[PDB]
Chemist: 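Shown below is the structure under consideration.
Order of appearance sets the numbers: ligands from 1, and atoms from 1 within every ligand. Note: hydrogens, waters and symmetry copies are ignored here, and every other heavy atom, side chains too, is used. Along the sequence shown, residues carry numbers from 1.
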Amino acid sequence: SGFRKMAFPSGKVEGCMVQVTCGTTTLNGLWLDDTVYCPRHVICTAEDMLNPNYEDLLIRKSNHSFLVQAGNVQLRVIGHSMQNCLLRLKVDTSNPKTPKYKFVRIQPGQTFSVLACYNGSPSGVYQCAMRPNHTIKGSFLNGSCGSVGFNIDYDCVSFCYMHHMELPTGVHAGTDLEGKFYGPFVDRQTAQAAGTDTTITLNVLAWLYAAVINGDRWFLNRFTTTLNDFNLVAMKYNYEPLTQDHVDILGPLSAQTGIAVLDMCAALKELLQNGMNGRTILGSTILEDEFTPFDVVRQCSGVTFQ
Ligand SMILES: CC(C)C[C@H](NC(=O)/C=C/c1ccccc1)C(=O)N[C@H](C=O)C[C@@H]1CCNC1=O
């Protein structure tokens, strides 16, 4: 029993974090096979960071403008290129600790683990949701750029995020591992506002199913609702519209609890309209939206506490 925001075990990723220095700027790089990936603003000085032209800044560097340190071992750069907002450094050594990996671009509402690192040395692990507005509510200080977000399937690491910047509201923005930003952000030392954000309705629902799987039914009711009538309430409460695909996705959790999706939607509509009346759900006083249906199936028992 229990339900916690749970990261993936970070060991396979720890073995790939390195430190990358260029001039005075130092940040983290990801070392896989014979390549180190890292944010391209490592080649920027304080002057450059406001309005940098990275094509121009980069051609002025050689391979030996870049210092790559893996633990104590210094790694020799033997090639470099720019891929969107990333730099690809080829090094003379292949990382023997490289795991089976893919690069994926996650979709809004999906979750991933973050391995926060400073000077190429892992520091902490936590679980994040890609918000609809393409930000993540991370925990990052100066020096954290190059930290990665990842999921782990069996023994394959799916890298999906590299950290680049912090927005004025304290949330974070970054790229996939091809250097393409999530959301409309750019790597420039300027304030850029997150778009307005929304609650992830599919995740709220998967988590109410987790509560029932773990044996708690107090919030259910006798009513039901149409998709459209639910979506009138969701829009009043700044919840994402529920679609027929999201209903379909909840099929397995609906099956395991015996609670039809639109019945659970009627439960959520009532929770939105009346509040929770000083009660908790899975230990929380608010409706949680950073667990996907995949997260719920992964963590809960396949046997409901009936
Ligand atoms: C050249 C750019 C892309 C670098 C990036 N710059 C920024 O994140 C600037 C953010 C900002 C906030 C308010 C007003 C104006 C700007 C950065 O510092 N990135 C840092 C990576 O090293 C991570 C920051 C540092 C503090 N917490 C973080 O997540």
Chemist: If the test is side chain to side chain contact (heavy atoms under 4.5 Å, CB included), which one of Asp155, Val13, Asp33, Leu177 qualifies with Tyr101?
Modeler: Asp33

Chemist: State whether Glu178 and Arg88 are salt-bridged, where the test is any N-O pair (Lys NZ or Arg NE/NH1/NH2 against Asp/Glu carboxylate O) under 4.0 Å.
Modeler: no

Chemist: Do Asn63 and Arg76 pass the side chain to side chain contact (heavy atoms under 4.5 Å, CB included) test, and can you show the C-alpha distance, the side-chain angles, and the key distance before you say yes or no?
Modeler: CA-CA 8 Å; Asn63 289 337; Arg76 189 178 157 248; over 6 Å; no

Chemist: Quick one: does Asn28's side chain have a donor or acceptor within less than 3.5 Å of a partner on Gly143's backbone?
Modeler: yes

Chemist: Compute the centroid of each ring, for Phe112 and then for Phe150, and state whether the two points are separated by less than 6.0 Å.
Modeler: no

Chemist: Can you list, by chain and residue number, every protein residue with a non-hydrogen atom closer than 4.0 Å to ligand 1?
Modeler: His41, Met49, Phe140, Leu141, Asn142, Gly143, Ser144, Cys145, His163, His164, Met165, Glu166, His172, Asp187, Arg188, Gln189, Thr190, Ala191

Chemist: For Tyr161 and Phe103, I'd like to know if the aromatic rings sit close, meaning centre-to-centre distance below 6.0 Å.
Modeler: no

